[PDB]
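Two separate entries follow, structure 1 and structure 2, each one form of the same protein chain as structure tokens.
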Structure 1
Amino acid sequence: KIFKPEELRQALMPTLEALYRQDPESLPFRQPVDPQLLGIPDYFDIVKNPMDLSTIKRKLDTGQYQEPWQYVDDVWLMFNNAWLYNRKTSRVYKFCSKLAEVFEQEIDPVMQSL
């Protein structure tokens, strides 16, 4: 703090990789939710700020996170969106919970190091 963009990316990238590595759990999250394609027009009435792994990656790659907490906020946004919109025993919700478990384990030592 100040953070160099490429060093911040290098430090955080493993934690995002860890989420992508989860198969099948990352699959609903590797791309944006498209409510039009899905036929769920209610989605954006509940999820005001969509977030997904492809968007986090793009932002990590293009200097969009000045500070590590802005990345952490985006990961948590993606989770909270899925946990608010979906039934607790749904696939998406269960898969989300797994990514959150993985993320909590990966991020702690990285934030401390930064």
Structure 2
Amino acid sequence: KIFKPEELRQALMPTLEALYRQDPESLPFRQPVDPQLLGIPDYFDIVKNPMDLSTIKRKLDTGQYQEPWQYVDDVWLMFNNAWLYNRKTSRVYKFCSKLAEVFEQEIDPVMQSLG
């Protein structure tokens, strides 16, 4: 169908807020990765399309998603970047796995409502 920007914001923003509410797990995802500040200068050699919660929020607020699946794609891009870059024993990797569980749980009923 056609999804209006405010329809997408009302339906999808609560799912993003559910991720933001996760502490400690969302903290590494609340702002774009800053490789120099974090001391990980190889980051952009591995992650070609960075994504984080604040960028997704901005895209929702500025109507940059036409379809719900584009929002889901960006959330999963954020997750896949973190699993790609970080080691499986690291905080960010395990935090990512927790956020993916939370997101799966929240997005399902919302997608049912948007159908």
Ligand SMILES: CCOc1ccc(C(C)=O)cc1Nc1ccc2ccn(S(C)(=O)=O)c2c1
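All residue numbers here follow the sequence of structure 1, with the first residue given the number 1. Only the largest set of C-alpha atoms that superpose within 1.5 Å between the two forms is called the rigid core.
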item: Number of the structure representing the form deposited without this ligand; value: 1
item: Cα displacement of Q36 between structures 1 and 2, once the rigid core is superposed (Å); value: 2.2
item: Per-residue CA shift, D45 (Å; core superposed between structures 1 and 2); value: 1.4
item: Between structures 1 and 2, C-alpha offset at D74 (rigid core aligned, Å); value: 0.2
